[PDB]
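*Asks:* Quick one: the structure is below, and I'll ask about it shortly.
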Amino acid sequence: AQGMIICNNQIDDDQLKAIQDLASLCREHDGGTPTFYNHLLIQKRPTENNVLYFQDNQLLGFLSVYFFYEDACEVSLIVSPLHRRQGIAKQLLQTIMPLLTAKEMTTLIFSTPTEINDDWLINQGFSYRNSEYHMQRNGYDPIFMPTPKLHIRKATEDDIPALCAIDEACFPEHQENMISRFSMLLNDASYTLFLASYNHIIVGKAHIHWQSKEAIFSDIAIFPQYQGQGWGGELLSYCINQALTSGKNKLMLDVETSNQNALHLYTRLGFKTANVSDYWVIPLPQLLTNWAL
Ligand SMILES: *SCCNC(=O)CCNC(=O)[C@H](O)C(C)(C)COP(=O)(O)OP(=O)(O)OC[C@H]1O[C@@H](n2cnc3c(N)ncnc32)[C@H](O)[C@@H]1OP(=O)(O)O
Ligand SMILES: CC(C)(COP(=O)(O)OP(=O)(O)OC[C@H]1O[C@@H](n2cnc3c(N)ncnc32)[C@H](O)[C@@H]1OP(=O)(O)O)[C@@H](O)C(=O)NCCC(=O)NCCS
């Protein structure tokens, strides 16, 4: 008999592959997994945010907290489907709550696989917020496009006013960091900000972040006034074919949404939903009375 609880501030390489093996076992049974931020896990973070639960040399539970907002934190938590309703989740949370009360936390955000937990979550005071589709296009075949009607080019530092017009109309979350954020993106060769123009009028954009064997798509936008014309599909088509020409076949795209109709164009250019996570909110004091402290 042996139980062991490790609480640290950085996931080492072998711990990471134990965590990924446990997560894959949960994907086997749950149809999906919570959202993990691997770059944050393997980073030396200021506090002890990771909790690993072992039983006879076996990783059975894992929790990590991410401090994104001010009074809110995101929690990714998994327990071996073969060892559930044994209190492993309350043990992991008991471990982390001293850190949470010290940071003055008031609200917890849990990422969860869809459907399977809906009824007991809502019956315990959790509130659904949104969902996230982690998409991948893995085919080697390019997109065969009709007559191109857009001119598409890499944005230089001289397209900032157009980039800021696009952001103002589509990405209000960057309002007051926008010029300085663009100045760094445009002077980083691992980022390509594609500008789409129809008859010399700029109609939208899309970002590609190049990695050594992947390409990460983000910040796709067509102005609402221009969204009927087929330009969103042409722009994204062009970016896909650019990544394939560049020798990257793992194309990533993450979409936060509460309705699946925001997936129509992407799935139709060959992206598929590799994982879906739901995000539920609960007041911290309510969680520690429904779960014994
Ligand atoms: S201020 C602008 C804010 N930006 C966003 O919210 C970013 C995400 N969406 C977009 O930038 C545009 O909605 C995209 C997805 C690029 C579509 O632009 P377009 O409307 O120009 O693209 P097409 O005309 O080529 O495509 C029409 C086809 O696909 C589905 N569609 C509409 N809206 C979406 C969204 N939001 N997500 C996925 N698919 C979407 C449609 O089926 C639309 O086709 P129909 O002919 O309308 O059936
Ligand atoms: C829930 C999970 C995260 C931990 O489960 P666990 O170790 O089985 O949790 P516990 O045994 O600590 O039980 C704690 C509270 O679970 C709630 N809970 C867990 N599973 C539940 C279920 N299937 N139905 C109702 N409540 C459940 C209860 O309040 C349980 O309380 P009780 O048994 O004392 O009444 C596990 O089901 C899992 O890893 N699921 C997949 C990942 C996921 O959904 N993460 C999101 C968590 S919000």
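Residue numbering restarts at 1 in every chain; chains get A, B, ... in the order shown in the structure tokens, and ligands count up from 1 in that same order.
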Select the residues contacting ligand 2 at a distance of at most 7 Å, based on only C-alpha atoms and all ligand atoms, then format the selection as a PyMOL selection string.
*Replies:* chain A and resi 26+30+33-34+76-81+83-91+110-113+117+120+290-291
*Asks:* Pull N, CA, C and O atoms from the residues just selected and write them as an mmCIF file, in the first residue's frame.
*Replies:*
```cif
data_model
loop_
_atom_site.group_PDB
_atom_site.id
_atom_site.type_symbol
_atom_site.label_atom_id
_atom_site.label_comp_id
_atom_site.auth_asym_id
_atom_site.auth_seq_id
_atom_site.Cartn_x
_atom_site.Cartn_y
_atom_site.Cartn_z
ATOM 1 N N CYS A 26 -8.049 9.168 -19.820
ATOM 2 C CA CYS A 26 -9.344 9.812 -19.629
ATOM 3 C C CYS A 26 -10.015 10.108 -20.965
ATOM 4 O O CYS A 26 -11.217 9.862 -21.130
ATOM 5 N N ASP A 30 -13.789 9.417 -21.617
ATOM 6 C CA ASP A 30 -14.620 10.606 -21.492
ATOM 7 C C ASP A 30 -14.943 11.262 -22.829
ATOM 8 O O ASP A 30 -15.844 12.106 -22.883
ATOM 9 N N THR A 33 -10.907 15.880 -23.056
ATOM 10 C CA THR A 33 -10.060 16.143 -21.906
ATOM 11 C C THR A 33 -10.144 17.608 -21.515
ATOM 12 O O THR A 33 -10.513 18.460 -22.332
ATOM 13 N N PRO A 34 -9.847 17.936 -20.257
ATOM 14 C CA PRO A 34 -9.669 19.345 -19.895
ATOM 15 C C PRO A 34 -8.524 19.967 -20.681
ATOM 16 O O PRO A 34 -7.709 19.280 -21.296
ATOM 17 N N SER A 76 -7.148 22.763 -14.384
ATOM 18 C CA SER A 76 -7.237 21.542 -15.175
ATOM 19 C C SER A 76 -6.986 20.369 -14.238
ATOM 20 O O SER A 76 -5.936 20.303 -13.588
ATOM 21 N N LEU A 77 -7.954 19.458 -14.166
ATOM 22 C CA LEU A 77 -7.978 18.398 -13.169
ATOM 23 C C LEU A 77 -8.438 17.105 -13.829
ATOM 24 O O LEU A 77 -9.434 17.105 -14.560
ATOM 25 N N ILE A 78 -7.708 16.012 -13.589
ATOM 26 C CA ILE A 78 -8.055 14.701 -14.139
ATOM 27 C C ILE A 78 -7.782 13.622 -13.100
ATOM 28 O O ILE A 78 -6.799 13.690 -12.356
ATOM 29 N N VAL A 79 -8.653 12.615 -13.070
ATOM 30 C CA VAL A 79 -8.501 11.437 -12.224
ATOM 31 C C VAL A 79 -8.724 10.204 -13.088
ATOM 32 O O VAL A 79 -9.654 10.169 -13.903
ATOM 33 N N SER A 80 -7.866 9.199 -12.917
ATOM 34 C CA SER A 80 -7.988 7.931 -13.626
ATOM 35 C C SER A 80 -9.428 7.422 -13.586
ATOM 36 O O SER A 80 -9.972 7.204 -12.491
ATOM 37 N N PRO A 81 -10.056 7.205 -14.746
ATOM 38 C CA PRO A 81 -11.443 6.705 -14.752
ATOM 39 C C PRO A 81 -11.627 5.395 -14.009
ATOM 40 O O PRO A 81 -12.767 5.025 -13.701
ATOM 41 N N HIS A 83 -10.374 4.883 -10.997
ATOM 42 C CA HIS A 83 -10.193 5.191 -9.581
ATOM 43 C C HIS A 83 -11.015 6.414 -9.185
ATOM 44 O O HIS A 83 -10.570 7.252 -8.393
ATOM 45 N N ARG A 84 -12.225 6.535 -9.721
ATOM 46 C CA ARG A 84 -13.055 7.706 -9.485
ATOM 47 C C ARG A 84 -14.045 7.460 -8.348
ATOM 48 O O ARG A 84 -14.291 6.325 -7.931
ATOM 49 N N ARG A 85 -14.611 8.563 -7.846
ATOM 50 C CA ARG A 85 -15.477 8.568 -6.662
ATOM 51 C C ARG A 85 -14.772 7.976 -5.443
ATOM 52 O O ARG A 85 -15.412 7.394 -4.566
ATOM 53 N N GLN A 86 -13.448 8.113 -5.385
ATOM 54 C CA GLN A 86 -12.661 7.731 -4.220
ATOM 55 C C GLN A 86 -12.091 8.937 -3.496
ATOM 56 O O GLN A 86 -11.304 8.769 -2.563
ATOM 57 N N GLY A 87 -12.453 10.144 -3.914
ATOM 58 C CA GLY A 87 -11.948 11.340 -3.279
ATOM 59 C C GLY A 87 -10.598 11.815 -3.763
ATOM 60 O O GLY A 87 -9.985 12.654 -3.100
ATOM 61 N N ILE A 88 -10.107 11.316 -4.899
ATOM 62 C CA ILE A 88 -8.808 11.782 -5.375
ATOM 63 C C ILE A 88 -8.902 13.237 -5.806
ATOM 64 O O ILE A 88 -7.955 14.007 -5.614
ATOM 65 N N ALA A 89 -10.045 13.654 -6.359
ATOM 66 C CA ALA A 89 -10.192 15.050 -6.756
ATOM 67 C C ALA A 89 -10.249 15.979 -5.544
ATOM 68 O O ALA A 89 -9.689 17.079 -5.587
ATOM 69 N N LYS A 90 -10.930 15.578 -4.453
ATOM 70 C CA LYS A 90 -10.948 16.463 -3.284
ATOM 71 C C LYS A 90 -9.570 16.542 -2.643
ATOM 72 O O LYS A 90 -9.169 17.609 -2.163
ATOM 73 N N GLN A 91 -8.824 15.431 -2.649
ATOM 74 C CA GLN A 91 -7.459 15.452 -2.134
ATOM 75 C C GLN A 91 -6.595 16.443 -2.908
ATOM 76 O O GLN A 91 -5.859 17.240 -2.315
ATOM 77 N N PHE A 110 -13.137 25.702 -14.344
ATOM 78 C CA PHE A 110 -12.737 24.341 -14.661
ATOM 79 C C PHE A 110 -13.005 24.081 -16.133
ATOM 80 O O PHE A 110 -14.086 24.403 -16.637
ATOM 81 N N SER A 111 -12.019 23.517 -16.817
ATOM 82 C CA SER A 111 -12.207 22.979 -18.155
ATOM 83 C C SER A 111 -12.541 21.495 -18.062
ATOM 84 O O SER A 111 -11.952 20.758 -17.265
ATOM 85 N N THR A 112 -13.533 21.063 -18.832
ATOM 86 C CA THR A 112 -14.091 19.726 -18.710
ATOM 87 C C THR A 112 -14.405 19.176 -20.103
ATOM 88 O O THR A 112 -14.646 19.950 -21.030
ATOM 89 N N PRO A 113 -14.374 17.855 -20.256
ATOM 90 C CA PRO A 113 -14.956 17.267 -21.473
ATOM 91 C C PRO A 113 -16.450 17.529 -21.506
ATOM 92 O O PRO A 113 -17.096 17.698 -20.470
ATOM 93 N N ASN A 117 -20.422 15.570 -17.674
ATOM 94 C CA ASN A 117 -20.554 16.133 -16.336
ATOM 95 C C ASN A 117 -21.662 17.172 -16.222
ATOM 96 O O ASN A 117 -21.869 17.711 -15.133
ATOM 97 N N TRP A 120 -24.519 16.974 -13.040
ATOM 98 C CA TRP A 120 -24.094 17.192 -11.661
ATOM 99 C C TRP A 120 -23.348 18.505 -11.489
ATOM 100 O O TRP A 120 -23.335 19.044 -10.380
ATOM 101 N N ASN A 290 -19.791 22.430 -0.871
ATOM 102 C CA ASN A 290 -20.319 21.253 -1.553
ATOM 103 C C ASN A 290 -19.325 20.100 -1.516
ATOM 104 O O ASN A 290 -19.729 18.933 -1.456
ATOM 105 N N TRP A 291 -18.032 20.400 -1.558
ATOM 106 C CA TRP A 291 -16.984 19.422 -1.309
ATOM 107 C C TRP A 291 -16.410 19.706 0.072
ATOM 108 O O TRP A 291 -16.018 20.841 0.359
#
```
*Asks:* Give the residue list for ligand 1 at 7 Å, counting only C-alpha atoms and all ligand atoms, as number ranges by chain, sorted by chain and then by residue number.
*Replies:* A: 169-171, 219-224, 226-234, 261-266
*Asks:* Just to be explicit: take each residue in the selection above, keep C-alpha atoms, and write the result as a CSV table (one decimal), in the first residue's frame.
*Replies:*
```
chain,number,residue,atom,x,y,z
A,169,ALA,CA,-13.7,46.3,-35.6
A,170,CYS,CA,-13.1,42.7,-34.5
A,171,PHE,CA,-10.7,42.4,-31.6
A,219,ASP,CA,-6.7,36.0,-35.3
A,220,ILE,CA,-8.7,35.3,-38.5
A,221,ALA,CA,-11.0,38.2,-39.3
A,222,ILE,CA,-13.1,39.6,-42.1
A,223,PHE,CA,-14.9,42.9,-41.5
A,224,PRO,CA,-18.7,42.2,-40.8
A,226,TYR,CA,-17.4,42.3,-46.1
A,227,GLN,CA,-18.5,38.8,-44.8
A,228,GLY,CA,-20.8,37.7,-47.6
A,229,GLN,CA,-18.4,37.4,-50.5
A,230,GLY,CA,-16.3,34.2,-50.0
A,231,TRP,CA,-13.2,36.2,-48.9
A,232,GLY,CA,-12.8,34.5,-45.5
A,233,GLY,CA,-12.6,31.1,-47.2
A,234,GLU,CA,-10.2,32.3,-49.9
A,261,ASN,CA,-21.8,27.3,-36.2
A,262,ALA,CA,-18.5,29.1,-35.7
A,263,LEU,CA,-16.8,25.9,-37.0
A,264,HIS,CA,-18.5,25.8,-40.4
A,265,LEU,CA,-15.7,27.4,-42.6
A,266,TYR,CA,-12.8,25.7,-40.7
```
*Asks:* Which residues, written as an mmCIF file with N, CA and C atoms, in the first residue's frame, have at least one atom at most 12 Å from residue 165 of chain A, with only C-alpha atoms counted and residues fewer than 2 positions away on the same chain left out?
*Replies:*
```
data_model
loop_
_atom_site.group_PDB
_atom_site.id
_atom_site.type_symbol
_atom_site.label_atom_id
_atom_site.label_comp_id
_atom_site.auth_asym_id
_atom_site.auth_seq_id
_atom_site.Cartn_x
_atom_site.Cartn_y
_atom_site.Cartn_z
ATOM 1 N N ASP A 159 1.491 48.525 -42.315
ATOM 2 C CA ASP A 159 0.076 48.209 -42.362
ATOM 3 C C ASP A 159 -0.581 48.341 -40.992
ATOM 4 N N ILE A 160 0.114 48.970 -40.044
ATOM 5 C CA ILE A 160 -0.421 49.147 -38.693
ATOM 6 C C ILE A 160 -1.783 49.841 -38.689
ATOM 7 N N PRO A 161 -1.990 50.955 -39.401
ATOM 8 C CA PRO A 161 -3.336 51.560 -39.381
ATOM 9 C C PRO A 161 -4.413 50.619 -39.888
ATOM 10 N N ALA A 162 -4.129 49.858 -40.946
ATOM 11 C CA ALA A 162 -5.079 48.845 -41.392
ATOM 12 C C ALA A 162 -5.239 47.743 -40.352
ATOM 13 N N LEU A 163 -4.133 47.303 -39.743
ATOM 14 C CA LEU A 163 -4.226 46.302 -38.683
ATOM 15 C C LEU A 163 -5.023 46.839 -37.504
ATOM 16 N N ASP A 167 -8.527 45.410 -35.928
ATOM 17 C CA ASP A 167 -8.617 45.094 -34.506
ATOM 18 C C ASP A 167 -9.764 45.848 -33.841
ATOM 19 N N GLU A 168 -9.876 47.143 -34.152
ATOM 20 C CA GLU A 168 -10.956 47.948 -33.588
ATOM 21 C C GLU A 168 -12.318 47.362 -33.934
ATOM 22 N N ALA A 169 -12.462 46.821 -35.136
ATOM 23 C CA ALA A 169 -13.749 46.296 -35.562
ATOM 24 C C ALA A 169 -13.988 44.852 -35.141
ATOM 25 N N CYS A 170 -12.941 44.109 -34.779
ATOM 26 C CA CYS A 170 -13.117 42.676 -34.549
ATOM 27 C C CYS A 170 -12.475 42.179 -33.258
ATOM 28 N N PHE A 171 -11.431 42.842 -32.758
ATOM 29 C CA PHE A 171 -10.685 42.376 -31.588
ATOM 30 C C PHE A 171 -10.553 43.498 -30.561
ATOM 31 N N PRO A 172 -11.655 43.866 -29.900
ATOM 32 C CA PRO A 172 -11.588 44.941 -28.894
ATOM 33 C C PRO A 172 -10.768 44.585 -27.665
ATOM 34 N N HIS A 174 -7.716 43.992 -27.376
ATOM 35 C CA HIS A 174 -6.340 44.469 -27.465
ATOM 36 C C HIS A 174 -6.238 45.996 -27.530
ATOM 37 N N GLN A 175 -7.303 46.726 -27.188
ATOM 38 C CA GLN A 175 -7.519 48.146 -27.470
ATOM 39 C C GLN A 175 -6.299 48.999 -27.150
ATOM 40 N N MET A 178 -2.548 47.729 -28.547
ATOM 41 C CA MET A 178 -2.638 47.272 -29.936
ATOM 42 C C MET A 178 -1.414 47.670 -30.769
ATOM 43 N N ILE A 179 -1.030 48.948 -30.703
ATOM 44 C CA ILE A 179 0.091 49.408 -31.514
ATOM 45 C C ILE A 179 1.375 48.715 -31.080
ATOM 46 N N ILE A 202 -8.600 46.818 -48.019
ATOM 47 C CA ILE A 202 -8.266 45.761 -47.074
ATOM 48 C C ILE A 202 -9.547 45.236 -46.438
ATOM 49 N N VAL A 203 -9.723 43.916 -46.464
ATOM 50 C CA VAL A 203 -10.972 43.298 -46.033
ATOM 51 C C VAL A 203 -10.805 42.366 -44.843
ATOM 52 N N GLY A 204 -9.585 42.010 -44.460
ATOM 53 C CA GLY A 204 -9.401 41.123 -43.331
ATOM 54 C C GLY A 204 -7.955 40.681 -43.205
ATOM 55 N N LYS A 205 -7.742 39.717 -42.309
ATOM 56 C CA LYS A 205 -6.392 39.258 -42.001
ATOM 57 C C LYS A 205 -6.455 37.867 -41.389
ATOM 58 N N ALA A 221 -9.989 37.180 -39.310
ATOM 59 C CA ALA A 221 -11.030 38.195 -39.251
ATOM 60 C C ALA A 221 -11.333 38.704 -40.648
ATOM 61 N N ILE A 222 -12.616 38.794 -40.965
ATOM 62 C CA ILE A 222 -13.126 39.580 -42.078
ATOM 63 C C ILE A 222 -14.086 40.590 -41.472
ATOM 64 N N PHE A 223 -14.000 41.838 -41.918
ATOM 65 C CA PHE A 223 -14.937 42.851 -41.453
ATOM 66 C C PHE A 223 -16.372 42.347 -41.617
#
```
*Asks:* Leaving out residue 246 of chain A and any residue of its chain fewer than 5 positions from it, which residues lie within 12 Å of it when counting only C-alpha atoms, given as a list in words?
*Replies:*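 These residues fall inside the cut-off: residues 140, 142, 208, 210, 211, 212, 213, 214, 215, 239, 240, 241 and 251 of chain A.
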*Asks:* Hey, what's within 7 Å of residue 151 of chain A if we count only C-alpha atoms and toss same-chain stuff fewer than 6 positions away? As a ChimeraX atom specification, please?
*Replies:* /A:196-198
*Asks:* The selected residues should be written to file as a CSV table (one decimal), in the first residue's frame (atoms: C-alpha atoms).
*Replies:*
```csv
chain,number,residue,atom,x,y,z
A,196,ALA,CA,-6.3,40.3,-47.6
A,197,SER,CA,-7.3,43.1,-50.1
A,198,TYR,CA,-10.1,43.2,-52.6
```
*Asks:* What lies within 12 Å of residue 35 of chain A using only C-alpha atoms, ignoring chain neighbours under 4 positions off, as a PDB file with N, CA, C and O atoms, in the first residue's frame?
*Replies:*
```
ATOM      1  N   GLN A  20       0.430  13.093 -19.611  1.00  0.00           N
ATOM      2  CA  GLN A  20      -0.175  12.887 -20.922  1.00  0.00           C
ATOM      3  C   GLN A  20      -0.739  11.480 -21.067  1.00  0.00           C
ATOM      4  O   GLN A  20      -1.756  11.288 -21.742  1.00  0.00           O
ATOM      5  N   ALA A  23      -3.991  11.603 -19.106  1.00  0.00           N
ATOM      6  CA  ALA A  23      -4.985  12.350 -19.865  1.00  0.00           C
ATOM      7  C   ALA A  23      -5.521  11.521 -21.023  1.00  0.00           C
ATOM      8  O   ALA A  23      -6.727  11.535 -21.304  1.00  0.00           O
ATOM      9  N   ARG A  27      -9.267  10.529 -21.991  1.00  0.00           N
ATOM     10  CA  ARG A  27      -9.856  10.712 -23.315  1.00  0.00           C
ATOM     11  C   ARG A  27     -10.470   9.418 -23.828  1.00  0.00           C
ATOM     12  O   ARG A  27     -11.515   9.444 -24.488  1.00  0.00           O
ATOM     13  N   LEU A  40       3.076  26.311 -19.917  1.00  0.00           N
ATOM     14  CA  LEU A  40       3.049  26.780 -18.538  1.00  0.00           C
ATOM     15  C   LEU A  40       3.424  25.677 -17.558  1.00  0.00           C
ATOM     16  O   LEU A  40       4.066  25.954 -16.539  1.00  0.00           O
ATOM     17  N   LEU A  41       3.044  24.430 -17.857  1.00  0.00           N
ATOM     18  CA  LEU A  41       3.377  23.314 -16.977  1.00  0.00           C
ATOM     19  C   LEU A  41       4.885  23.138 -16.853  1.00  0.00           C
ATOM     20  O   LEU A  41       5.419  23.005 -15.746  1.00  0.00           O
ATOM     21  N   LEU A  63      -3.617  17.829 -10.968  1.00  0.00           N
ATOM     22  CA  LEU A  63      -4.264  19.130 -10.980  1.00  0.00           C
ATOM     23  C   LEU A  63      -3.204  20.187 -11.223  1.00  0.00           C
ATOM     24  O   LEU A  63      -2.101  20.106 -10.675  1.00  0.00           O
ATOM     25  N   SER A  64      -3.539  21.183 -12.034  1.00  0.00           N
ATOM     26  CA  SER A  64      -2.692  22.357 -12.148  1.00  0.00           C
ATOM     27  C   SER A  64      -3.600  23.572 -12.236  1.00  0.00           C
ATOM     28  O   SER A  64      -4.698  23.500 -12.798  1.00  0.00           O
ATOM     29  N   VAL A  65      -3.165  24.673 -11.637  1.00  0.00           N
ATOM     30  CA  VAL A  65      -3.912  25.921 -11.644  1.00  0.00           C
ATOM     31  C   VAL A  65      -3.128  26.938 -12.456  1.00  0.00           C
ATOM     32  O   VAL A  65      -1.895  26.954 -12.419  1.00  0.00           O
ATOM     33  N   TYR A  66      -3.844  27.766 -13.209  1.00  0.00           N
ATOM     34  CA  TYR A  66      -3.253  28.819 -14.025  1.00  0.00           C
ATOM     35  C   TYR A  66      -3.872  30.148 -13.619  1.00  0.00           C
ATOM     36  O   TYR A  66      -5.100  30.272 -13.570  1.00  0.00           O
ATOM     37  N   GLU A  74      -7.909  29.373 -13.635  1.00  0.00           N
ATOM     38  CA  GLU A  74      -8.321  28.192 -14.379  1.00  0.00           C
ATOM     39  C   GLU A  74      -7.688  26.952 -13.769  1.00  0.00           C
ATOM     40  O   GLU A  74      -6.513  26.963 -13.392  1.00  0.00           O
ATOM     41  N   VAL A  75      -8.467  25.880 -13.675  1.00  0.00           N
ATOM     42  CA  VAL A  75      -8.012  24.623 -13.096  1.00  0.00           C
ATOM     43  C   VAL A  75      -8.204  23.525 -14.130  1.00  0.00           C
ATOM     44  O   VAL A  75      -9.290  23.387 -14.703  1.00  0.00           O
ATOM     45  N   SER A  76      -7.148  22.763 -14.384  1.00  0.00           N
ATOM     46  CA  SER A  76      -7.237  21.542 -15.175  1.00  0.00           C
ATOM     47  C   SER A  76      -6.986  20.369 -14.238  1.00  0.00           C
ATOM     48  O   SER A  76      -5.936  20.303 -13.588  1.00  0.00           O
ATOM     49  N   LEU A  77      -7.954  19.458 -14.166  1.00  0.00           N
ATOM     50  CA  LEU A  77      -7.978  18.398 -13.169  1.00  0.00           C
ATOM     51  C   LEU A  77      -8.438  17.105 -13.829  1.00  0.00           C
ATOM     52  O   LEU A  77      -9.434  17.105 -14.560  1.00  0.00           O
ATOM     53  N   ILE A  78      -7.708  16.012 -13.589  1.00  0.00           N
ATOM     54  CA  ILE A  78      -8.055  14.701 -14.139  1.00  0.00           C
ATOM     55  C   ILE A  78      -7.782  13.622 -13.100  1.00  0.00           C
ATOM     56  O   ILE A  78      -6.799  13.690 -12.356  1.00  0.00           O
ATOM     57  N   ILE A 109     -12.414  28.438 -12.479  1.00  0.00           N
ATOM     58  CA  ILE A 109     -12.821  28.049 -13.823  1.00  0.00           C
ATOM     59  C   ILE A 109     -12.257  26.665 -14.096  1.00  0.00           C
ATOM     60  O   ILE A 109     -11.035  26.475 -14.077  1.00  0.00           O
ATOM     61  N   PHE A 110     -13.137  25.702 -14.344  1.00  0.00           N
ATOM     62  CA  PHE A 110     -12.737  24.341 -14.661  1.00  0.00           C
ATOM     63  C   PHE A 110     -13.005  24.081 -16.133  1.00  0.00           C
ATOM     64  O   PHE A 110     -14.086  24.403 -16.637  1.00  0.00           O
ATOM     65  N   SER A 111     -12.019  23.517 -16.817  1.00  0.00           N
ATOM     66  CA  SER A 111     -12.207  22.979 -18.155  1.00  0.00           C
ATOM     67  C   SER A 111     -12.541  21.495 -18.062  1.00  0.00           C
ATOM     68  O   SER A 111     -11.952  20.758 -17.265  1.00  0.00           O
ATOM     69  N   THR A 112     -13.533  21.063 -18.832  1.00  0.00           N
ATOM     70  CA  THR A 112     -14.091  19.726 -18.710  1.00  0.00           C
ATOM     71  C   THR A 112     -14.405  19.176 -20.103  1.00  0.00           C
ATOM     72  O   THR A 112     -14.646  19.950 -21.030  1.00  0.00           O
ATOM     73  N   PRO A 113     -14.374  17.855 -20.256  1.00  0.00           N
ATOM     74  CA  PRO A 113     -14.956  17.267 -21.473  1.00  0.00           C
ATOM     75  C   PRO A 113     -16.450  17.529 -21.506  1.00  0.00           C
ATOM     76  O   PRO A 113     -17.096  17.698 -20.470  1.00  0.00           O
ATOM     77  N   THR A 114     -16.999  17.567 -22.715  1.00  0.00           N
ATOM     78  CA  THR A 114     -18.381  17.993 -22.862  1.00  0.00           C
ATOM     79  C   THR A 114     -19.352  16.893 -22.434  1.00  0.00           C
ATOM     80  O   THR A 114     -19.019  15.704 -22.403  1.00  0.00           O
ATOM     81  N   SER A 131     -17.081  27.240 -24.655  1.00  0.00           N
ATOM     82  CA  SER A 131     -16.345  26.027 -24.967  1.00  0.00           C
ATOM     83  C   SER A 131     -15.228  26.364 -25.940  1.00  0.00           C
ATOM     84  O   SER A 131     -15.253  27.395 -26.616  1.00  0.00           O
ATOM     85  N   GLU A 132     -14.293  25.427 -26.042  1.00  0.00           N
ATOM     86  CA  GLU A 132     -13.106  25.615 -26.862  1.00  0.00           C
ATOM     87  C   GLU A 132     -12.885  24.379 -27.719  1.00  0.00           C
ATOM     88  O   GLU A 132     -12.841  23.256 -27.207  1.00  0.00           O
ATOM     89  N   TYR A 133     -12.747  24.593 -29.023  1.00  0.00           N
ATOM     90  CA  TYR A 133     -12.479  23.535 -29.986  1.00  0.00           C
ATOM     91  C   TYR A 133     -11.020  23.643 -30.415  1.00  0.00           C
ATOM     92  O   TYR A 133     -10.618  24.636 -31.031  1.00  0.00           O
ATOM     93  N   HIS A 134     -10.227  22.635 -30.076  1.00  0.00           N
ATOM     94  CA  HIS A 134      -8.840  22.557 -30.508  1.00  0.00           C
ATOM     95  C   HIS A 134      -8.814  21.784 -31.822  1.00  0.00           C
ATOM     96  O   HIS A 134      -8.969  20.559 -31.836  1.00  0.00           O
ATOM     97  N   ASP A 254      -7.353  27.084 -32.821  1.00  0.00           N
ATOM     98  CA  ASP A 254      -8.206  27.027 -31.639  1.00  0.00           C
ATOM     99  C   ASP A 254      -9.332  28.043 -31.782  1.00  0.00           C
ATOM    100  O   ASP A 254      -9.094  29.185 -32.181  1.00  0.00           O
ATOM    101  N   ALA A 274     -10.023  18.057 -32.736  1.00  0.00           N
ATOM    102  CA  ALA A 274      -9.244  17.038 -32.037  1.00  0.00           C
ATOM    103  C   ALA A 274      -9.633  16.933 -30.567  1.00  0.00           C
ATOM    104  O   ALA A 274      -9.570  15.843 -29.990  1.00  0.00           O
ATOM    105  N   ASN A 275     -10.020  18.042 -29.941  1.00  0.00           N
ATOM    106  CA  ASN A 275     -10.504  18.015 -28.568  1.00  0.00           C
ATOM    107  C   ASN A 275     -11.456  19.180 -28.374  1.00  0.00           C
ATOM    108  O   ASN A 275     -11.262  20.251 -28.955  1.00  0.00           O
ATOM    109  N   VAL A 276     -12.493  18.959 -27.572  1.00  0.00           N
ATOM    110  CA  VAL A 276     -13.422  20.013 -27.187  1.00  0.00           C
ATOM    111  C   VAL A 276     -13.468  20.068 -25.667  1.00  0.00           C
ATOM    112  O   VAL A 276     -13.568  19.028 -25.007  1.00  0.00           O
ATOM    113  N   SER A 277     -13.407  21.280 -25.128  1.00  0.00           N
ATOM    114  CA  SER A 277     -13.517  21.459 -23.689  1.00  0.00           C
ATOM    115  C   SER A 277     -14.579  22.504 -23.388  1.00  0.00           C
ATOM    116  O   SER A 277     -14.651  23.540 -24.058  1.00  0.00           O
ATOM    117  N   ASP A 278     -15.350  22.221 -22.345  1.00  0.00           N
ATOM    118  CA  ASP A 278     -16.289  23.186 -21.798  1.00  0.00           C
ATOM    119  C   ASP A 278     -15.664  23.867 -20.588  1.00  0.00           C
ATOM    120  O   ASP A 278     -14.801  23.301 -19.914  1.00  0.00           O
ATOM    121  N   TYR A 279     -16.101  25.092 -20.323  1.00  0.00           N
ATOM    122  CA  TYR A 279     -15.575  25.887 -19.223  1.00  0.00           C
ATOM    123  C   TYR A 279     -16.718  26.251 -18.292  1.00  0.00           C
ATOM    124  O   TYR A 279     -17.665  26.927 -18.708  1.00  0.00           O
TER     125      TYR A 279
END
```
*Asks:* Using only C-alpha atoms, which of the listed residues (A:177, A:2, A:8, A:106) sits closest to residue 57 of chain A?
*Replies:*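 Among A:177, A:2, A:8, A:106, it is A:2 that comes nearest to residue 57 of chain A.
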*Asks:* Given the choices A:116, A:96, A:164, A:152, which gets closest to residue 180 of chain A if the distance is worked out from only C-alpha atoms?
*Replies:*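 Looking at the shortest contact to residue 180 of chain A, the residue is A:164.
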*Asks:* Could you check how far atom CA of residue 127 of chain A sits from atom CA of residue 62 of chain A, in Å to one decimal?
*Replies:* 22.8 Å
*Asks:* Once DSSP has gone over the backbone, tell me which residues of segment 57-249 of chain A are in alpha helix (DSSP H), as a PyMOL selection string.
*Replies:* chain A and resi 88-102+118-122+160-170+178-185+231-245
*Asks:* Could you please write out, as a ChimeraX atom specification, every residue of segment 70-236 of chain A that DSSP assigns to strand (DSSP E)?
*Replies:* /A:72-79,107-112,127-137,151-154,191-198,201-210,214-222
*Asks:* Please list as an MDAnalysis selection string every residue within 8 Å of residue 282 of chain A, counting only C-alpha atoms and excluding residues in the same chain fewer than 2 positions away.
*Replies:* chainID A and resid 107:109 125:127 280 284 286:287
*Asks:* Taking only C-alpha atoms into account, which of A:99, A:105, A:293, A:6 comes nearest residue 60 of chain A?
*Replies:*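 The shortest atom-to-atom distance to residue 60 of chain A comes from A:6.
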